[PDB]
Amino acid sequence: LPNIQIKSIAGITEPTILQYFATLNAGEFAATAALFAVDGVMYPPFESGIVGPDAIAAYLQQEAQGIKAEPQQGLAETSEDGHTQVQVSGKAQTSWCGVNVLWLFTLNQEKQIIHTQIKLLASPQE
């Protein structure tokens, strides 16, 4: 339904990850939340984990409006349990705040998001 288009960016091809950033950047926060498993968890940098699509969507509607996320490179590795761990580095910005960020996703066998963790990083500045 979302007229969001999915396209390989920053060398990532995993469809769930591409959809995560595309819906996030379009403000389609209900669609972002729907990528999570029923018991999936979002771990923001400065908040407690948020559990489940309903809570995740509400959180995004209240804290992430105006976010522009720019993935810059990514790597996916599938383990033997069949889960996929994805690591993405890049930038996130509003009109008044910017941060360099590392996203860590774990996907289950159906490629639903089990958990997402967002961590800040510092640049080579002194």
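Note that residue numbering follows the sequence shown and begins at 1.
- Note on 13-21 vs 114-122: mean CA B-factor is higher in 114-122.
- Between the stretches 39-47 and 23-31, it is 39-47 that shows the larger average CA temperature factor.
- In the PDB entry, a CA B factor belonging to the middle third of its chain's modelled residues is recorded for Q65.
- Among the modelled residues of its chain, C97 has a C-alpha B-factor that falls in the highest third, as given in the PDB entry.
- In the PDB entry, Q72 places in the middle third of its chain by CA B-factor.
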